[PDB]
Structures are given as structure tokens and as C-alpha cells.
Amino acid sequence: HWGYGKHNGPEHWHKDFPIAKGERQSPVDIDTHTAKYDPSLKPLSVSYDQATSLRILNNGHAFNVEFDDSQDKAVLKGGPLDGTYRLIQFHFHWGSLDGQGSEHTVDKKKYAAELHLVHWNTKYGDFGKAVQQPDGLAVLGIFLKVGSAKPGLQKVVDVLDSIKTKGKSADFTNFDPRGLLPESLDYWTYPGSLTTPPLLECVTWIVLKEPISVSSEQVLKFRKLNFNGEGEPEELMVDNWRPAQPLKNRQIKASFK
Ligand SMILES: Cc1cc[nH]c(=S)c1
Ligand SMILES: [Zn+2]
């Protein structure tokens, strides 16, 4: 099955998921000089006051912090979006070294990690229906740089020991995702895809310009997770990012001057 190694990583995915070579794949490099400010874009509305976290799961590729998405509790709207998109989960992609890990890049710069807050368009009723639609998902992407600690990330770092291996999960109620946001909601936006198989082309990407700072100890802790299951030889969960893909016939728009 697919993964991030030499033998089953991003260069191989197209054999089981041919859309890997499609017209709207993610991530991409954000060329800041080529992205045009779009004065018709709206501010983003991130409404997380009522977010209900439930569980954190090591799925063998990343860890997912999952939310109750059976009602409009934590939603994203505005920005480039029509309609209301419900938060279902967030996860990260990160590197074995602080110089690499993000999936999007900015003028070819890689950050140490990238947070993806995944939301689905409520007009489609559930997540599995939404991923069959070109406007089914909205993913808010936030870069992590290593510097000062991010206090709102520490409860996630604290629990990773309990979900070290593939298929482990733990209670993760009462987590406020507002503590993972940077100060500014200035963003770039473009149409793309999931960045892991099945690589579906359903995503409006909204990538914040301002990274959050995390400490070197926080990201070290991410790197102690395992891809493998319990009882299997240890494979550190690191470098679970897909490199930038061809932009093709797409424009990246900026919300800011
Ligand atoms: C929905 C989904 C799942 C895994 N990864 C990403 S970027 C998005
Ligand atoms: Zn992701």
C-alpha cells in the first residue's frame, strides 16, 4: 500500500491513483510575485467558538484530531468560498529536519511543517459525498516555523506518546483549535486536491501567509511517532509530505496587497 518511503512514496502513487498526474494536484509552490491580489476576495470567517474535538488517531500516515461534524459547530466561510464548510479534522505534515516538512512552499521556501484544517461543504450532506465534488472541501493550510513554542499546540504534543503507532487513538475532547491560528488571516487561494491518496480534486485551498512558530521540542515530539503498528519494526513518522506539483492551468490569488 502507499506511504512515504522509496518504494511506495509520492513517485509511486500514480500507479494506483492515476489522478496523481491530474490537472489540479496539490501541493504547489506559491510564487509570491506571480500571485495577484484579488480585491473581490472576502475576509475569511473562521468560526471555531463551538468546536467539539473528540479523538486523536495515528492513521499510519499522520495523526488526525477529529471533531464532531454532525452539526454546524466549527465552520469556515467567506474568503473564496460560497457556502458553509464544517471542520471534520486537522492534521500535520512534517520533516525529519527543521528545513523541510511543509507541502506548500513560498518562493520555493520549505517550512518545518504544515497544518491542514479540513472542512467539507455542508450542501453535500456528508464528507464522503463532498469528496466527489470539485467544491467539496476547503482546507486551511498554516505553516509552522521553528522558533518560540506555540502554547496552543502543547496539548497535542503531550498526547502523542499515547498514540505512538498505527491504529492507536486517544480521547481528545475539549481542544480549542483557535490556539493554532496565527494573528493574520491574509491568505493565498487556489483549486487543488488532497495531498495523499486518493488525491481527489475537491479542495479549495486557503493557505495563510503568516506562519505560526513552534519550538524545536514540539516538532521533535512529532518525529517520535511511528508509521508502523505496535509489534512491528520501528519506522519513525517523519517526512510525511508530498512535494510541490505542477501548477498547470491555475492562478493563485492573494487576499492582501
Ligand atoms: C481530507 C484529507 C485527508 C488527508 N490529508 C489531507 S491534506 C486532506
Ligand atoms: Zn494534509
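Whatever order the structure lists them in is the order used to number ligands and atoms, beginning at 1. Position 1 is the first residue of the sequence; numbering continues from there.
- Scanning the protein heavy atoms around atom 3 (C) of ligand 1, the nearest turns out to be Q89 NE2, 3.8 Å.
- Between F63 and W94, the ring planes are tilted. Angles from 30° to 60° get that label.
- Ionic pairing of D38 and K253 is not present here: no N-O contact between side-chain nitrogen and carboxylate oxygen is shorter than 4.0 angstrom.
- Residue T196 approaches ligand 1 through these ligand atoms, each under 4.0 Å from one of its heavy atoms: 4 (C), 5 (N).
- Within ligand 1, the atoms closer than 4.0 Å to a non-hydrogen atom of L194 are 1 (C), 2 (C), 8 (C), numbered from 1 in the order shown.
- Nearest N, O or S atom of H93 to the Zn ion (ligand 2): atom NE2.
- With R86 as the fixed residue, the side-chain hydrogen bond (donor to acceptor under 3.5 Å, both in side chains) test singles out one of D72, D68, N121: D72.
- Between atom 7 (S) of ligand 1 and the options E114, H61, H116, the minimum heavy-atom separation is to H116.
- For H116, the N, O or S atom with the smallest separation from the Zn ion (ligand 2) is ND1.
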**Request:** Report the C-alpha distance between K109 and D107 in whole Å, list the side-chain angles of each, state the deciding distance to 0.1 Å, and finish with yes or no for salt bridge (charged side-chain N to carboxylate O under 4.0 Å, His left out).
**Result:** CA-CA 5 Å; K109 179 188 168 65; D107 297 329; over 6 Å; no
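- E23 and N249 are not linked by any side-chain donor-acceptor pair at a separation below 3.5 angstrom, with hydrogens and angles left out of the test.
- Atoms of ligand 1 found under 4.0 Å from any heavy atom of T195 (numbered from 1 in listed order, with element): 7 (S).
- The contact set between ligand 1 and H91, taken as ligand atoms under 4.0 Å from a residue heavy atom, comprises 4 (C), 5 (N), 6 (C), 7 (S), 8 (C).
- Cluster membership for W120 and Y85, using ILVMFWY side-chain heavy atoms within less than 4.5 angstrom, is not shared.
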